Every structure is written in C-alpha cells, then in structure tokens.
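Only one structure is covered here, and it is reproduced in the block below.
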Amino acid sequence: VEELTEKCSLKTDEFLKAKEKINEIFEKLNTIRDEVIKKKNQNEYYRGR
Amino acid sequence: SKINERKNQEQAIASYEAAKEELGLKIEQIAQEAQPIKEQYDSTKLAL
Amino acid sequence: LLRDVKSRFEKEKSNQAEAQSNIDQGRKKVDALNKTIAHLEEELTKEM
C-alpha cells in the first residue's frame, strides 16, 4: 500500500508533468502564433509604407 | 541653397517631433485604456 | 481583443521608436550639414 501510494504519487506527478509540458508547448505555439501575427502586422504595415 | 535644405530638413524634423509628442500622448492613453482589457482577459481566463 | 490591442500598442510603440530613430538620424544629418555650412559660411565671409 505504501508502494501503491508512491506509485499513485509518481503517476500523478508524471500526469501533471505531461499535462504541464503539453500546455506549455500549446502556450509556446500560441506565443509563436502571436509573434508570427505581430510580424505579419509589421509586414503589412511595411507593405502599406 | 544649403540654408534652404537645412530649413526644410528642420521643418520635417519639427513635424516629426510634433508627431512624436502627440503620438506619445496617444500611446499613453491607448495603454491606459488597454490595461482594463488585459485585467478582464486575466479574470476571464481565471474563471474559465 | 487583447492580442489586437497589444499588437496595436506594440505597432504604435515601434512607430514611436522608429519616429525617435528617424528624428535622431535627421538631426544628426542636419547637424552634419549645419557643421559643413558653418565651416564654409565663415571660411571667407567673416573677414569681409
């Protein structure tokens, strides 16, 4: 049961780490998309200029 | 001829300086209006 | 909405920085031209 508690704790830790990593990857993709949209706004403003 | 070139360049620089002062006030007010939008976004994200 | 307003604020800030850089470039160019005209205007006119 102490081994089960350690196994449940490590599985929850791995689930939290995997979810945090995938959420951070999704947020990094969102930030990259935002940076690309900002660069597109800069590009369209440069095209307007 | 060079005085005339300097005068038109100085006029352009003065126009750019006037634009800079007015645009600085405009960006300041735009940021002041934008900050509540960021606060509302943070509150919406926390609620979601 | 936050993204567009922040992009607009950042584009306005980039325009402000570009206006400041343009003012600095224009003022340095006008100062160089003013220095050249100041060196040439008093080359022989002061004695006269």
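Starting from 1 in every chain, residues are counted up; chains themselves are A, B, ... following the order of the structure tokens, and ligands are numbered from 1 as listed.
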
- Task: With a cut-off of 10 Å and counting only C-alpha atoms, select all residues of chain B in contact with chain C and give the selection as a PyMOL selection string.
- Result: chain B and resi 2-3+5-7+9-10+12-17+19-21+23-24+26-28+30-31+33-41

Please produce a file of those selected residues containing N, CA and C atoms, as an mmCIF file, in the first residue's frame.
```cif
data_model
loop_
_atom_site.group_PDB
_atom_site.id
_atom_site.type_symbol
_atom_site.label_atom_id
_atom_site.label_comp_id
_atom_site.auth_asym_id
_atom_site.auth_seq_id
_atom_site.Cartn_x
_atom_site.Cartn_y
_atom_site.Cartn_z
ATOM 1 N N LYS B 2 22.142 75.645 -49.188
ATOM 2 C CA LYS B 2 22.278 74.719 -48.030
ATOM 3 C C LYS B 2 21.391 75.186 -46.869
ATOM 4 N N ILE B 3 21.252 76.501 -46.679
ATOM 5 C CA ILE B 3 20.362 77.028 -45.602
ATOM 6 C C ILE B 3 18.932 76.593 -45.917
ATOM 7 N N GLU B 5 18.005 73.961 -47.703
ATOM 8 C CA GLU B 5 17.948 72.492 -47.471
ATOM 9 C C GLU B 5 17.848 72.221 -45.966
ATOM 10 N N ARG B 6 18.663 72.918 -45.176
ATOM 11 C CA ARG B 6 18.623 72.730 -43.706
ATOM 12 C C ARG B 6 17.251 73.170 -43.189
ATOM 13 N N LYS B 7 16.704 74.269 -43.718
ATOM 14 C CA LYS B 7 15.405 74.794 -43.222
ATOM 15 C C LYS B 7 14.297 73.769 -43.480
ATOM 16 N N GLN B 9 14.697 70.535 -43.968
ATOM 17 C CA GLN B 9 15.010 69.357 -43.118
ATOM 18 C C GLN B 9 14.590 69.647 -41.673
ATOM 19 N N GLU B 10 14.869 70.855 -41.176
ATOM 20 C CA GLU B 10 14.480 71.245 -39.793
ATOM 21 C C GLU B 10 12.953 71.262 -39.686
ATOM 22 N N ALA B 12 10.880 69.409 -41.403
ATOM 23 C CA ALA B 12 10.486 67.983 -41.349
ATOM 24 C C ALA B 12 10.771 67.431 -39.947
ATOM 25 N N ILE B 13 11.921 67.784 -39.369
ATOM 26 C CA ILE B 13 12.289 67.299 -38.006
ATOM 27 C C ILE B 13 11.289 67.855 -36.985
ATOM 28 N N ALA B 14 10.899 69.126 -37.119
ATOM 29 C CA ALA B 14 9.912 69.727 -36.192
ATOM 30 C C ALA B 14 8.569 69.010 -36.344
ATOM 31 N N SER B 15 8.165 68.715 -37.582
ATOM 32 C CA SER B 15 6.895 67.980 -37.806
ATOM 33 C C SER B 15 7.006 66.600 -37.158
ATOM 34 N N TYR B 16 8.159 65.947 -37.314
ATOM 35 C CA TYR B 16 8.367 64.604 -36.716
ATOM 36 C C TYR B 16 8.323 64.715 -35.189
ATOM 37 N N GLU B 17 8.921 65.767 -34.625
ATOM 38 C CA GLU B 17 8.909 65.970 -33.150
ATOM 39 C C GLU B 17 7.477 66.211 -32.662
ATOM 40 N N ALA B 19 4.757 65.199 -34.148
ATOM 41 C CA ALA B 19 4.085 63.890 -34.298
ATOM 42 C C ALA B 19 4.510 62.992 -33.139
ATOM 43 N N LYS B 20 5.786 63.033 -32.774
ATOM 44 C CA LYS B 20 6.275 62.186 -31.667
ATOM 45 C C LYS B 20 5.531 62.569 -30.382
ATOM 46 N N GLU B 21 5.385 63.863 -30.084
ATOM 47 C CA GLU B 21 4.764 64.261 -28.792
ATOM 48 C C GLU B 21 3.309 63.816 -28.779
ATOM 49 N N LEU B 23 1.859 61.486 -30.628
ATOM 50 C CA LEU B 23 1.777 60.003 -30.669
ATOM 51 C C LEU B 23 2.119 59.445 -29.287
ATOM 52 N N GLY B 24 3.052 60.067 -28.563
ATOM 53 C CA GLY B 24 3.356 59.616 -27.192
ATOM 54 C C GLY B 24 2.145 59.763 -26.292
ATOM 55 N N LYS B 26 -0.911 59.753 -27.368
ATOM 56 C CA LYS B 26 -1.896 58.777 -27.903
ATOM 57 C C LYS B 26 -1.566 57.374 -27.389
ATOM 58 N N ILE B 27 -0.289 56.993 -27.420
ATOM 59 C CA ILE B 27 0.080 55.627 -26.955
ATOM 60 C C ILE B 27 -0.181 55.548 -25.446
ATOM 61 N N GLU B 28 0.064 56.639 -24.713
ATOM 62 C CA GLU B 28 -0.141 56.608 -23.246
ATOM 63 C C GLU B 28 -1.625 56.351 -22.969
ATOM 64 N N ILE B 30 -3.786 55.036 -25.021
ATOM 65 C CA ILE B 30 -4.159 53.704 -25.576
ATOM 66 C C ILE B 30 -3.778 52.634 -24.548
ATOM 67 N N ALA B 31 -2.588 52.743 -23.948
ATOM 68 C CA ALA B 31 -2.154 51.770 -22.919
ATOM 69 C C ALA B 31 -3.081 51.856 -21.709
ATOM 70 N N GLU B 33 -6.220 52.732 -21.617
ATOM 71 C CA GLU B 33 -7.494 52.054 -21.980
ATOM 72 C C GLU B 33 -7.283 50.541 -22.125
ATOM 73 N N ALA B 34 -6.123 50.109 -22.634
ATOM 74 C CA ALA B 34 -5.847 48.670 -22.878
ATOM 75 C C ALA B 34 -5.685 47.887 -21.571
ATOM 76 N N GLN B 35 -5.126 48.498 -20.525
ATOM 77 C CA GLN B 35 -4.842 47.744 -19.269
ATOM 78 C C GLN B 35 -6.117 47.105 -18.702
ATOM 79 N N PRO B 36 -7.291 47.777 -18.616
ATOM 80 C CA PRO B 36 -8.520 47.114 -18.169
ATOM 81 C C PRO B 36 -8.881 45.904 -19.043
ATOM 82 N N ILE B 37 -8.637 45.980 -20.354
ATOM 83 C CA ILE B 37 -8.905 44.815 -21.249
ATOM 84 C C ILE B 37 -8.023 43.638 -20.817
ATOM 85 N N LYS B 38 -6.748 43.891 -20.513
ATOM 86 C CA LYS B 38 -5.852 42.805 -20.037
ATOM 87 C C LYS B 38 -6.374 42.250 -18.708
ATOM 88 N N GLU B 39 -6.824 43.130 -17.813
ATOM 89 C CA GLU B 39 -7.348 42.680 -16.498
ATOM 90 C C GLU B 39 -8.589 41.813 -16.721
ATOM 91 N N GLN B 40 -9.473 42.240 -17.624
ATOM 92 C CA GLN B 40 -10.697 41.455 -17.923
ATOM 93 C C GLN B 40 -10.302 40.109 -18.536
ATOM 94 N N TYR B 41 -9.290 40.100 -19.405
ATOM 95 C CA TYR B 41 -8.833 38.830 -20.021
ATOM 96 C C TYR B 41 -8.313 37.893 -18.931
#
```

- What is the atom CA of residue 42 of chain A-atom CA of residue 28 of chain A distance in Å, reported with one decimal? 20.4 Å

- Message: as a list in words, could you give me every residue of chain A near chain C (at most 10 Å apart, counting only C-alpha atoms)?
- Response: residues 34, 35, 37, 38, 39, 41, 42 and 45 of chain A

With N, CA and C atoms retained, write the just-selected residues as a CSV table (one decimal), in the first residue's frame.
```csv
chain,number,residue,atom,x,y,z
A,34,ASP,N,1.3,34.2,-32.0
A,34,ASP,CA,1.1,35.6,-31.7
A,34,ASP,C,2.3,36.4,-32.3
A,35,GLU,N,3.5,35.9,-32.1
A,35,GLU,CA,4.7,36.6,-32.7
A,35,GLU,C,4.6,36.6,-34.2
A,37,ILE,N,1.8,36.6,-36.0
A,37,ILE,CA,0.8,37.6,-36.3
A,37,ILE,C,1.3,39.0,-36.1
A,38,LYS,N,2.1,39.2,-35.1
A,38,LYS,CA,2.7,40.5,-34.9
A,38,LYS,C,3.7,40.8,-36.0
A,39,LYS,N,4.5,39.9,-36.4
A,39,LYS,CA,5.4,40.1,-37.6
A,39,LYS,C,4.6,40.3,-38.8
A,41,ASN,N,1.6,41.7,-38.9
A,41,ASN,CA,1.1,43.1,-38.8
A,41,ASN,C,2.3,44.1,-39.2
A,42,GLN,N,3.5,43.8,-38.7
A,42,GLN,CA,4.7,44.6,-39.1
A,42,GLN,C,4.9,44.5,-40.6
A,45,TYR,N,2.1,46.5,-42.4
A,45,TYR,CA,2.4,47.9,-42.2
A,45,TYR,C,3.6,48.3,-43.0
```

- Would you mind reading off the distance between atom CA of residue 5 of chain A and atom CA of residue 21 of chain A, one decimal, in Å?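 Calculated distance between atom CA of residue 5 of chain A and atom CA of residue 21 of chain A is 23.7 Å.
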